[PDB]
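K.L.:
Generate coordinates for the sequence data below:
(chains A, B, C, D and E, ligands or ions: 25)
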Amino acid sequence: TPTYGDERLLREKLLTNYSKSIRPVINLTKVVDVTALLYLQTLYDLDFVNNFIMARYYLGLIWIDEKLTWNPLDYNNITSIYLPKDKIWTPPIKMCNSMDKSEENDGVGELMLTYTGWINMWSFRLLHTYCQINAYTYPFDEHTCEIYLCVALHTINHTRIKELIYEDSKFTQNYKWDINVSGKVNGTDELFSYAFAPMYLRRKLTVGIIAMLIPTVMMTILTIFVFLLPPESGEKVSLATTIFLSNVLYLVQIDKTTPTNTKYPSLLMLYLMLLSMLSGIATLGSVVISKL
Amino acid sequence: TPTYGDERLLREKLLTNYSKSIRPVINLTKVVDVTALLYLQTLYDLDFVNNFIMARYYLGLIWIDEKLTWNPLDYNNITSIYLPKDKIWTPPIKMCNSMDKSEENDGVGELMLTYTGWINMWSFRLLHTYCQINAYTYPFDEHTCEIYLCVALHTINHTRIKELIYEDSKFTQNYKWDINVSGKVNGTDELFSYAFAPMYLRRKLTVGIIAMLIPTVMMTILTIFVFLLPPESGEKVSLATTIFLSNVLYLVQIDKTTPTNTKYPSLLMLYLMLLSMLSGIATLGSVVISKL
Amino acid sequence: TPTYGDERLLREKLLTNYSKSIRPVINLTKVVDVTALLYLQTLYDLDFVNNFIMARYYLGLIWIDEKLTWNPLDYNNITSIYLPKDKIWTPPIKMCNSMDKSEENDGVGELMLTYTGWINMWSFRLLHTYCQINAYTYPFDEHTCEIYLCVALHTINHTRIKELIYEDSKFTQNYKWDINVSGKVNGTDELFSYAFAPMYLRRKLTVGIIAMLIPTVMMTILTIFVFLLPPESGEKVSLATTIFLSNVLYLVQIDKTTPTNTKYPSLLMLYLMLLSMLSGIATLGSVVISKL
Amino acid sequence: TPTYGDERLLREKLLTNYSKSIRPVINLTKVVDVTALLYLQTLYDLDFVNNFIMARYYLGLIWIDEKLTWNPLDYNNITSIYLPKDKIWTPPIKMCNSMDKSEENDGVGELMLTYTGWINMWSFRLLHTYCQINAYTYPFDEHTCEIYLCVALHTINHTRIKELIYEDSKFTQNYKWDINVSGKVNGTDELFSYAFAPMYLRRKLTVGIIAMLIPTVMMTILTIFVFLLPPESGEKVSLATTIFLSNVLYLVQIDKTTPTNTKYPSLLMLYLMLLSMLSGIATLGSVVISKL
Amino acid sequence: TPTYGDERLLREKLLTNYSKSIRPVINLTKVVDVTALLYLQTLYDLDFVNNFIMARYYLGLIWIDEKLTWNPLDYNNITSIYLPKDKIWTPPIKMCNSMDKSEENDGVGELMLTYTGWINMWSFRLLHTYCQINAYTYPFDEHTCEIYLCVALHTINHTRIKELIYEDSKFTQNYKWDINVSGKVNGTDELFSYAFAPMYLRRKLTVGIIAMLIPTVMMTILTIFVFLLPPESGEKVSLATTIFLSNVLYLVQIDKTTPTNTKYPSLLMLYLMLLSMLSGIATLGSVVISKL
Ligand SMILES: Cc1nc(C(=O)O)cc2c1[nH]c1ccccc12
Ligand SMILES: Cc1nc(C(=O)O)cc2c1[nH]c1ccccc12
Ligand SMILES: Cc1nc(C(=O)O)cc2c1[nH]c1ccccc12
Ligand SMILES: Cc1nc(C(=O)O)cc2c1[nH]c1ccccc12
Ligand SMILES: Cc1nc(C(=O)O)cc2c1[nH]c1ccccc12
Ligand SMILES: *[C@@H]1O[C@H](CO)[C@@H](O)[C@H](O)[C@H]1NC(C)=O
Ligand SMILES: *[C@@H]1O[C@H](CO)[C@@H](O)[C@H](O)[C@H]1NC(C)=O
Ligand SMILES: *[C@@H]1O[C@H](CO)[C@@H](O)[C@H](O)[C@H]1NC(C)=O
Ligand SMILES: *[C@@H]1O[C@H](CO)[C@@H](O)[C@H](O)[C@H]1NC(C)=O
Ligand SMILES: *[C@@H]1O[C@H](CO)[C@@H](O)[C@H](O)[C@H]1NC(C)=O
Ligand SMILES: *[C@@H]1O[C@H](CO)[C@@H](O)[C@H](O)[C@H]1NC(C)=O
Ligand SMILES: *[C@@H]1O[C@H](CO)[C@@H](O)[C@H](O)[C@H]1NC(C)=O
Ligand SMILES: *[C@@H]1O[C@H](CO)[C@@H](O)[C@H](O)[C@H]1NC(C)=O
Ligand SMILES: *[C@@H]1O[C@H](CO)[C@@H](O)[C@H](O)[C@H]1NC(C)=O
Ligand SMILES: *[C@@H]1O[C@H](CO)[C@@H](O)[C@H](O)[C@H]1NC(C)=O
Ligand SMILES: *[C@@H]1O[C@H](CO)[C@@H](O)[C@H](O)[C@H]1NC(C)=O
Ligand SMILES: *[C@@H]1O[C@H](CO)[C@@H](O)[C@H](O)[C@H]1NC(C)=O
Ligand SMILES: *[C@@H]1O[C@H](CO)[C@@H](O)[C@H](O)[C@H]1NC(C)=O
Ligand SMILES: *[C@@H]1O[C@H](CO)[C@@H](O)[C@H](O)[C@H]1NC(C)=O
Ligand SMILES: *[C@@H]1O[C@H](CO)[C@@H](O)[C@H](O)[C@H]1NC(C)=O
Ligand SMILES: *[C@@H]1O[C@H](CO)[C@@H](O)[C@H](O)[C@H]1NC(C)=O
Ligand SMILES: *[C@@H]1O[C@H](CO)[C@@H](O)[C@H](O)[C@H]1NC(C)=O
Ligand SMILES: *[C@@H]1O[C@H](CO)[C@@H](O)[C@H](O)[C@H]1NC(C)=O
Ligand SMILES: *[C@@H]1O[C@H](CO)[C@@H](O)[C@H](O)[C@H]1NC(C)=O
Ligand SMILES: *[C@@H]1O[C@H](CO)[C@@H](O)[C@H](O)[C@H]1NC(C)=O
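P.N.:
Residues are numbered from 1 along each chain as shown, chains lettered A, B, ... in the order given. Ligands and ions are numbered 1, 2, ... in the order given. The relevant structure is shown in the block below.
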């Protein structure tokens, strides 16, 4: 059976004439094809006001090294070893659309090497990835957020993102957003290789938002009532004034949750503006009637 | 008695042909069984809006090294030494459900080594661990939060979490949540080893929340009074209007503390929506009566 | 074709008598001219209250090394290599107007070296750059923010910023600000070299702000109405009082979004102050009339 | 006089056969007694809602090394040197009740060594130390916060905290809290050595809080007036309603400053709840009278 | 002309028998006099509630090394070189009144060395420096903030701050505070050397705050009017009640901007408390009149 001394001999032979910074190909004319695997773990939140979405992923990079291959029959059948991440060449795959708030660095950890040269490198990344949030159809709204991977500095003649496989790990259920992330896309080769996984997000229809809607609809009933009140009821001015105050309060409060960076404003904005305008016109008519 | 020179000789012999990155077993076919000890120290807070809980723990990892054993009779009876954490192989146990906001790194500190090979490695971890918070039964609510440990990259054929012992250190009393963390669970071996400790949290019934409830219940009395007021009292419209304004203010204010990510909304939400709806219907009836 | 051994020989010869800290010129009387390229990627936000703007850029530095040149015909036609950033002299170009909140350090990464000595060094920088925000013409306001680059410690006799080319990468569209960053400016040589790229920002006229304006203009109609109400209408005091309350609420709420550090306050401030003063004078006149 | 060469010889001889990780005693049966000095510099704030207190301290550790002693007459009377902190054994004294938000690490700096072996090690620590805040007697409230020091991993048979001397440096005056930190406590030896300094904090009676109280007491006068108003005054219902609204606003606003984690709620909570209940009963009586 | 090889020889000779941690004097009885230069660049903000002020400075330290001097005629007239900051002895000047939130460390960068031994070391420091803010005369208020420099661990017999020259770089204009920082102060030698630069700050009288004042003064007019209203006007109670509500709202809102840690509260606090008390007494008198 393989032993500690056997693995020591193997590592000593492997790292003898190895340069960490030279691209690992016998012929430098060859490109290194990297295939990436992005497995969303938990969508923490979807921040509207900052136009960010916070999630945690499991990024796996796979490629092939031609200087790190051996015959297992010469080392008592050792078929894989674990090397420190900072001793070996590693593709410079950067998340160039996200703010990487992970608690580990990209040069600490380990990677698994196989006797054929294939390297597996897995990591945890917590990302704050920028999204252009369209709040038009609030609260029945849908969004599309793209997470980008891109080679840092190497041209497509040196390092390439062969493929990107994105899936959902289903580790936890959300109860707030319907997530749909699943597919397999080839990399795009225009000067520097890159790719992106699209995340589609539909807000789930919990009854809490329906309960929040209830006051609005009854306010619709109340405003129509006061605007179709008799001209000489004897409480039109005060009633319309208080209704206008409450409407202004609602119009102010909705803004603090809704985003200001959208292709279109929300129909709810435009509808509450119409309702406030109707309340104001009702108050003006009441004042005119009292004058007359 | 053992001396400084004796310990120098011991360390020099121990670290002679030692490789930090090779798994510490004479026969590489053997697995290293790690037993973990998680001792909650102080539950700082339970953040509802972010669905996180902040606490401080004392994580202890214990395993056995077969290359670091000696006969104490040959070194004047030295039975244990202290080694820097970054000179020895260390299991890659990651907290893969938590945001590790500790102020130390996982490669600075020390570990105790015994002449039989057993290594003790203890550390402080401040964790922001994700929890799915069910606010259904607020303020008589209970929650269950699971803290996960999982081997980083090694398969169950290489590194395993043998066992997880979780307890409560009772270092401080909370006065806000009844904490119940105590047990002993075997590790789960499905590809990569992992385990989790369940924390059950029940909000304590301090009289401060009762005092907060008082205004609500008396408001129930006041709304029933106004809704069962005589049709021609002469203050129904104004009274009901002001009650509705206060009701809307309460319904808005409760939202800012309660969470939006729940299996069900809180009964308090649904009940205050019913109360506000009754107030609105009372105002409509008052308007109809004034019309008639 | 060039091979791994050829590149090993090349690097070994290049780095033989190289000093990382000596300025890379054969004759020390010569200056090193650095040309910088700043390519704005995405304008995240424009923070009014903190007088900052958050954006992400792509900073590229180009210069020439005279100790790192070779004849490609002697190494099987190798024409470029990749070196670790911390092995070679690198100009100390600091962003001396910004808070660099990037997640990487200025000594980790790679740089491309060409057989003629020309070095390309590209990086991602997330900057919080200070801007003096003039909110005079809100919400039809325009701003100018200058991003500075400056050599750290070397005098213009040693290191110089030859030129600065700034452009907009058009990676995403904003929908909130009209960005206009494009040009080419020589460096300024007054003791220590520096340069700056001007960003002009005009807030876009989305209909959401128009919807926000609607309540204000109708409030203008309502205040003029109440101030030109008949002296003995019988609701002047109460109506004017409520209008004044709403006016004070709006005047308070506008402050929390607008900045306090401006050459002039916003015309909207001065106009809402005039409107509130008119409402107060109307209330005083109503009180005087009721007295009479 | 002593010279640079003399100090070079001294350091070279001292560090020859020195091991950074071996506990610095000739006989390993001996314990190393550490005496700590904690000198509070400025109490920044006392955060009620997070149950933390932020302050800056000056932590000094003193112990004795038996491998770092020399005869000063053999080095031209050199009596003390300065060594880098990371070349020498240093006790692992951790602040195990606090979140260490300092801007330096525990392995960068310097320490003073004396020819007798005595080592002085001084540092700046900014600490966010957890406190259980009893807001019962607000705003005449007193608090007790304990700052803990504890050996990290060594047992009382290896490393001990001999003594802890805590004082107040009086560097600045607070004007918000009366601080009383002064004493001298032996270390506690139960498995692992530790100790704690008690900080007693009494909120100072500035007239600003009295000014804040004034509206409350006059509101007491107003509520008693309305509750002892004649049954048929003709404004009882409206007056009581407005008083109830303002009281509810105060009861809501007080919560946002007061803490939710206390042994008892504040008497101010319970008293304002009594006042709100009395206002509600007054309004109910008014409604009953209007019915009759 | 001097060449790369000449500078290589120079550095090799300079660093031959150099110890980074030995104080750089031939005779150890001599003190090293450090002169510091602090050049404020931009005052970002003056945080009232946290009692901090955020600014960016340019700290320059100058001292003399006696082991790093050469004759330029022996190296082809080389007169200055650039060394890495972490290879040479550096005075441990700490900002011991501030929270150093800079993005660089105190051991990365470069320093210029001259053939006479004089070393220049310049750096960027972003500081959050504690200030005791006296808000007595708000908004015509003045403040004094002292920024401290102090040697870390060396006594005045080893390292001294000879002098401190503080100036204002006038890089940007503020428009919010009148800054006056300029002078030259000797260091204070009481055990450990230190010094401080006083910053005087007077809030500028922009017309925005005048506009903010306008509502207050007109409210003074309105409260005097209602308090000197006829006893039987027929709107005294309701008018005084609404005025009192608005007064309470303003008294609450002013607190959130003003500080709680002051020698005296602001005259604006005391004056608005007087105004609120007068409004309350007016309401009480109105109630008494209605009773009579
Ligand atoms: C489906 C899946 N999920 C996760 C997760 O962290 O959720 C992690 C892995 C994974 N497949 C792997 C294959 C090799 C290494 C790690 C993983
Ligand atoms: C019950 C307990 N509690 C704590 C705590 O920090 O609260 C720490 C330890 C502990 N047992 C240990 C055994 C070995 C090393 C450290 C600890
Ligand atoms: C137009 C442009 N944009 C970006 C971007 O990140 O948006 C990056 C680059 C770029 N040109 C380059 C030339 C060499 C290396 C990198 C880049
Ligand atoms: C009373 C006192 N105060 C402070 C402070 O930073 O406030 C610092 C020290 C000190 N005594 C010392 C003795 C040796 C080294 C440093 C200090
Ligand atoms: C007046 C002034 N201002 C600044 C600033 O960054 O504002 C920087 C410097 C300076 N003088 C120097 C002399 C040597 C090195 C740097 C500086
Ligand atoms: C490298 O190229 C040579 C000739 O071009 C070829 O014979 C050899 O097989 C190549 N090596 C690899 C690993 O492709
Ligand atoms: C080598 O190991 C593989 C996998 O464990 C096994 O299938 C094979 O039979 C082994 N061969 C020898 C010669 O031991
Ligand atoms: C996810 O989105 C894709 C494309 O928008 C669609 O084809 C697929 O059906 C979606 N998933 C589900 C479960 O509907
Ligand atoms: C991706 O590249 C492979 C390589 O030939 C090609 O067969 C395939 O059609 C491409 N597209 C997709 C979607 O896989
Ligand atoms: C390793 O394996 C050999 C044979 O398989 C056995 O004799 C030996 O005892 C094993 N060593 C250990 C430490 O289990
Ligand atoms: C070795 O040490 C242990 C524990 O201190 C003790 O029980 C034993 O008697 C010692 N043996 C010798 C030979 O000193
Ligand atoms: C803690 O929870 C477990 C399982 O939910 C239960 O068996 C145990 O009784 C609980 N602890 C206490 C003190 O009740
Ligand atoms: C855990 O594993 C041990 C190992 O045999 C087994 O005896 C035990 O039943 C398992 N379960 C628990 C709860 O300990
Ligand atoms: C350096 O200077 C010498 C004489 O001044 C000149 O001959 C030589 O070409 C110069 N080298 C470079 C690289 O400019
Ligand atoms: C060297 O490489 C360049 C670019 O690949 C090519 O144009 C040239 O013909 C090559 N020369 C030789 C001798 O291989
Ligand atoms: C950008 O600004 C410059 C100078 O202010 C101006 O010349 C140019 O026309 C602007 N860009 C566009 C697209 O108008
Ligand atoms: C910049 O410097 C070059 C160098 O000669 C000069 O030709 C040019 O006029 C300068 N100005 C601009 C705007 O390029
Ligand atoms: C160490 O122990 C021996 C005998 O036990 C004793 O003679 C010697 O003085 C001790 N050394 C110290 C430094 O205490
Ligand atoms: C050694 O130094 C001390 C303190 O400076 C002094 O008191 C003593 O006289 C000196 N002795 C000699 C021999 O220089
Ligand atoms: C500080 O507290 C201790 C114990 O609580 C007390 O003895 C001492 O008198 C207090 N300090 C002052 C100045 O009163
Ligand atoms: C602390 O320990 C010393 C050591 O003997 C002892 O004399 C003293 O009584 C103890 N208690 C205090 C408060 O110092
Ligand atoms: C050091 O001291 C000696 C005698 O005390 C003196 O001759 C020499 O000049 C001094 N060196 C320096 C650099 O002051
Ligand atoms: C040395 O350089 C200085 C400054 O460049 C110059 O004034 C002096 O003439 C030069 N001397 C020689 C001998 O080159
Ligand atoms: C700055 O303050 C000092 C002392 O307070 C004063 O002498 C000086 O005149 C002030 N500066 C100006 C420009 O008035
Ligand atoms: C500072 O020290 C020098 C040194 O002699 C002295 O001349 C001067 O008077 C001192 N005071 C000031 C303000 O410079």
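
K.L.:
how about the helices in the stretch 101-250 of chain A?
P.N.:
Remark: helices assigned in the stretch 101-250 of chain A by DSSP state H, counting those that start in this stretch are A:207-227, A:236-255.

K.L.:
For ligand 18, give me its nearest residue in the stretch 101-250 of chain A.
P.N.:
The minimum distance from the stretch 101-250 of chain A to ligand 18, using C-beta to the nearest ligand atom, falls at residue A:108 (40.9 Å). (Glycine included, C-beta is placed from N, CA and C.)

K.L.:
How about the contacts made by that residue?
P.N.:
A:85-86, B:107 (C-beta atoms under 8 Å, 6 or more residues apart in numbering or on different chains).

K.L.:
Among those, which one lies nearest to residue A:262?
P.N.:
residue A:85 (41.6 Å; C-beta to C-beta).

K.L.:
any idea what sits nearest that closest one, other than its immediate chain neighbours?
P.N.:
Spatial nearest neighbour of residue A:85, excluding adjacent residues (C-beta to C-beta, 6 or more residues apart in numbering or on different chains): residue A:109 at 4.7 Å.

K.L.:
With residue A:123 as the reference, measure out to that neighbour.
P.N.:
Using C-beta to C-beta, to the nearest Å, one gets 7 Å for the distance from residue A:109 to residue A:123.

K.L.:
which residue packs closest to the closest residue to ligand 1 within chain A, ignoring adjacent ones?
P.N.:
Here chain A gets closest to ligand 1 at one residue, residue A:169, 3.6 Å apart by C-beta to the nearest ligand atom. Sequence neighbours aside, residue A:39 is the residue nearest to residue A:169 in space, at 4.9 Å (criterion: C-beta to C-beta, 6+ apart).

K.L.:
so how far is stretch A:261-277 from its chain's centroid?
P.N.:
Remark: stretch A:261-277 is offset 27 Å from the chain centroid, using C-alpha atoms, centre = their mean, to the nearest Å.

K.L.:
how about it against chain C, any contact?
P.N.:
Yes: contact of stretch A:261-277 with chain C (C-beta under 8 Å from any C-beta of the partner chain) involves A:261-265, A:269-270, A:273, A:276-277.

K.L.:
Equivalent analysis for stretch A:188-206, please.
P.N.:
No: using C-beta under 8 Å from any C-beta, stretch A:188-206 stays clear of chain C, with a minimum separation of 9.8 Å.

K.L.:
Could you confirm whether that stretch reaches chain B?
P.N.:
Yes: using C-beta under 8 Å from any C-beta, stretch A:188-206 comes into contact with chain B via residue A:206.

K.L.:
Any buried residues in that stretch, and which?
P.N.:
For stretch A:188-206, the neighbour count (16 or more other C-beta atoms under 10 Å in any protein chain shown) marks A:192-197, A:199, A:201, A:203, A:206 as buried.

K.L.:
Show me where chain A has its strands.
P.N.:
All strands of chain A, identified by DSSP state E, fall at A:32-40, A:42-47, A:52-64, A:80-84, A:93-94, A:98-100, A:110-114, A:118-130, A:142-151, A:159-168, A:177-180, A:183-186, A:188-190, A:192-203.

K.L.:
Just to check, residue A:33 is in contact with residue A:61?
P.N.:
No: if you go by C-beta atoms under 8 Å, residue A:33 and residue A:61 don't touch, sitting 11.3 Å apart.

K.L.:
more neighbours, these two?
P.N.:
Neighbours were tallied for residue A:33 and for residue A:61 using other C-beta atoms under 10 Å in any protein chain shown; the higher tally belongs to residue A:61 (19 against 16).

K.L.:
What residues does that one make contact with?
P.N.:
Neighbouring residues of residue A:61 by C-beta under 8 Å, 6+ apart: A:34-37, A:90-91, A:93, A:120-122.

K.L.:
What is the nearest of the residues you listed to ligand 4?
P.N.:
Checking the contacts of residue A:61 against ligand 4 by C-beta to the nearest ligand atom gives residue A:90 as the nearest, at 45.2 Å.

K.L.:
can I see the domain layout of chain A?
P.N.:
Per automatic domain parsing, the structural domains of chain A span A:4-203, A:207-291.

K.L.:
Would you mind telling me which of those domains is nearest residue B:24?
P.N.:
It is, among those and with distance given as C-beta to C-beta, domain A:4-203, at 8.0 Å.

K.L.:
Any part of that closest one near ligand 10?
P.N.:
No: applying C-beta under 6 Å from any ligand atom, one finds domain A:4-203 separated from ligand 10 by no less than 9.8 Å.

K.L.:
which helix in chain A runs the most residues?
P.N.:
If you go by DSSP state H, chain A has its longest helix at helix A:267-291.

K.L.:
can you pull the buried residues of that helix?
P.N.:
A:268-270, A:272-273, A:275-280, A:282-283, A:286-287, A:290.

K.L.:
repeat for stretch A:177-188
P.N.:
In stretch A:177-188, counting by 16+ other C-beta under 10 Å, buried: A:177, A:179, A:181, A:187.

K.L.:
And for it, what's in contact with it?
P.N.:
A:40, A:43, A:46, A:160-168, A:193-204.

K.L.:
swap in stretch A:190-197?
P.N.:
A:36, A:38, A:96-97, A:146-151, A:153-156, A:159-161, A:163-164, A:166, A:181, A:183, A:185-188.

K.L.:
I'd like to know which of those are buried.
P.N.:
For those, a burial check counting by 16+ other C-beta under 10 Å picks out A:36, A:38, A:96-97, A:147-151, A:153-154, A:156, A:159-161, A:163-164, A:166, A:181, A:187.

K.L.:
What residue, apart from its backbone neighbours, is nearest residue A:138 spatially?
P.N.:
Leaving aside its chain neighbours, residue A:138 sits nearest to residue A:266 (4.4 Å; criterion: C-beta to C-beta, 6+ apart).

K.L.:
surely that neighbour meets residue A:135?
P.N.:
Yes: at 5.1 Å, residue A:266 and residue A:135 qualify as touching, with contact defined as C-beta under 8 Å.

K.L.:
what residues do the two have in common as contacts?
P.N.:
Listed as contacting both residue A:266 and residue A:135 by C-beta under 8 Å, 6+ apart are residue A:258.

K.L.:
Counting neighbours, what do you get for residue A:223?
P.N.:
Neighbour count for residue A:223, taken as other C-beta under 10 Å: 21.

K.L.:
Kindly list the main-chain dihedrals of the closest residue to residue A:208 other than its chain neighbours?
P.N.:
Distance criterion C-beta to C-beta, 6+ apart; nearest residue to residue A:208, sequence neighbours excluded, is residue B:265 at 3.7 Å. Dihedral pair for residue B:265: phi -70, psi 170, per degrees, to the nearest 10.

K.L.:
Now for residue B:265, how many residues are close by?
P.N.:
Around residue B:265 there are 22 other residues, counting by other C-beta under 10 Å.

K.L.:
contacting residues for it?
P.N.:
Counting by C-beta under 8 Å, 6+ apart, residue B:265 touches A:206-208, A:211, B:135-136.

K.L.:
Drop anything exposed from those.
P.N.:
The neighbour count (16+ other C-beta under 10 Å) marks A:206, A:208, A:211, B:135-136 as buried among the contacts of residue B:265.

K.L.:
Could you export the residues you listed as CSV, including distance to ligand 3?
P.N.:
Converted to CSV, these look like this (distance: C-beta to the nearest ligand atom, whole Å):
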residue, distance to ligand 3
A:206, 39
A:208, 41
A:211, 45
B:135, 43
B:136, 47
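
K.L.:
Pick the one among these closest to residue A:246.
P.N.:
Each of those was checked against residue A:246 using C-beta to C-beta; the closest is residue A:211, at 17.9 Å.
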